[PDB]
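Reviewing the structure listed below.
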Amino acid sequence: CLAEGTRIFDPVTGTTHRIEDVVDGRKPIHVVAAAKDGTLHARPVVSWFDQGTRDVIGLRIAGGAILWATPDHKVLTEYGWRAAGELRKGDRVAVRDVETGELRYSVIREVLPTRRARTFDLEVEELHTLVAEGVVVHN
């Protein structure tokens with residue numbers, strides 16, 4: 001699950017939304033999804049999930065961005081899909097350039113301790129993945 005505050009980019013409208021607003025408002029946004037072959041595509045959100053309050057850890061990425069997700073949330077990394085909780089400083093995660101939309105890999109600068117927060121999940125059509133805080137994660 002993803003934490004309240006997690007930002008999601010809609011490649012169709014070009015609008016960035018906070019996930020708690022997308023779920024609470026059942027907003028029909030599109031997200032940038034990643035296929036199995038790595039390619040990125042725009043896909044619609046067809047289901048919204050309020051997962052309640054849970055512990056979320058933070059993955060501070062080179063550049064300054066930070067993803068807050070449950071330790072079991074899957075992230076696309078240089079070694080494939082892996083639970084956020086298994087990732088450590090130095091591991092590289094897949095990130096979408098906010099300027100060019102290009103996919104690159106950046107190192108995790110720091111892994112932060114857990115904190116309490118409302119958490120969410122979304123169902124992305126067909127590919128079941130999305131870009132959160134610029135990072136490619138499972139929906």
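Please note that chains go A, B, ... in the order of the structure tokens, that every chain numbers its residues from 1, and that ligands are numbered from 1 in the order shown.
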
Can you tell me which residues surround residue 57 (chain A) at a distance of at most 9 Å, considering only C-alpha atoms, apart from same-chain residues fewer than 2 positions away, and format the answer as a PyMOL selection string? chain A and resi 55+59+67-71+84-85+111-115

Atoms to include: C-alpha atoms. Write the selected residues as a PDB file, in the first residue's frame.
```
ATOM      1  CA  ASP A  55       3.154   1.546   9.064  1.00  0.00           C
ATOM      2  CA  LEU A  59      12.782   5.371   0.510  1.00  0.00           C
ATOM      3  CA  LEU A  67       8.426   7.273  -1.436  1.00  0.00           C
ATOM      4  CA  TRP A  68       6.387   6.224   1.591  1.00  0.00           C
ATOM      5  CA  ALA A  69       4.906   2.738   1.300  1.00  0.00           C
ATOM      6  CA  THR A  70       4.247  -0.319   3.435  1.00  0.00           C
ATOM      7  CA  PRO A  71       7.299  -2.597   3.723  1.00  0.00           C
ATOM      8  CA  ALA A  84      10.243  -1.927  -0.312  1.00  0.00           C
ATOM      9  CA  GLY A  85      11.193  -3.395   3.053  1.00  0.00           C
ATOM     10  CA  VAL A 111      15.813   4.136   4.136  1.00  0.00           C
ATOM     11  CA  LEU A 112      13.679   5.875   6.763  1.00  0.00           C
ATOM     12  CA  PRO A 113      11.980   4.330   9.850  1.00  0.00           C
ATOM     13  CA  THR A 114       8.238   3.573   9.862  1.00  0.00           C
ATOM     14  CA  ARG A 115       5.543   6.137  10.543  1.00  0.00           C
TER      15      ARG A 115
END
```

Find the residues around residue 29 (chain A) up to 7 Å (only C-alpha atoms counted), leave out those fewer than 6 positions away in its own chain, and share them as an mmCIF file with N, CA and C atoms, in the first residue's frame.
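Once written, part_23.cif looks like this:
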```cif
data_model
loop_
_atom_site.group_PDB
_atom_site.id
_atom_site.type_symbol
_atom_site.label_atom_id
_atom_site.label_comp_id
_atom_site.auth_asym_id
_atom_site.auth_seq_id
_atom_site.Cartn_x
_atom_site.Cartn_y
_atom_site.Cartn_z
ATOM 1 N N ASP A 10 -0.579 11.840 -13.865
ATOM 2 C CA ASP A 10 -1.532 11.408 -14.887
ATOM 3 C C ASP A 10 -0.952 11.917 -16.209
ATOM 4 N N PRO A 44 -5.762 3.520 -17.318
ATOM 5 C CA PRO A 44 -6.738 4.073 -16.379
ATOM 6 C C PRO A 44 -6.860 3.333 -15.048
ATOM 7 N N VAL A 45 -7.248 4.070 -14.008
ATOM 8 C CA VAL A 45 -7.471 3.484 -12.691
ATOM 9 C C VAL A 45 -8.934 3.058 -12.726
#
```

With distances taken over only C-alpha atoms, which residue among A:12, A:98, A:76, A:22 lies nearest residue 121 (chain A)?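 Among A:12, A:98, A:76, A:22, it is A:22 that comes nearest to residue 121 (chain A).
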
Using only C-alpha atoms, which of the listed residues (A:117, A:58, A:73, A:40) sits closest to residue 104 (chain A)?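 Among the listed residues, A:40 lies closest to residue 104 (chain A).
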
I need the residue nearest residue 118 (chain A) from this list: A:38, A:52, A:90, A:101. Use only C-alpha atoms for the distance.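 Of all the options, A:52 lies closest to residue 118 (chain A).
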
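If only C-alpha atoms are the atoms counted, then among A:82, A:96, A:116, A:109 the closest residue to residue 32 (chain A) is A:96.
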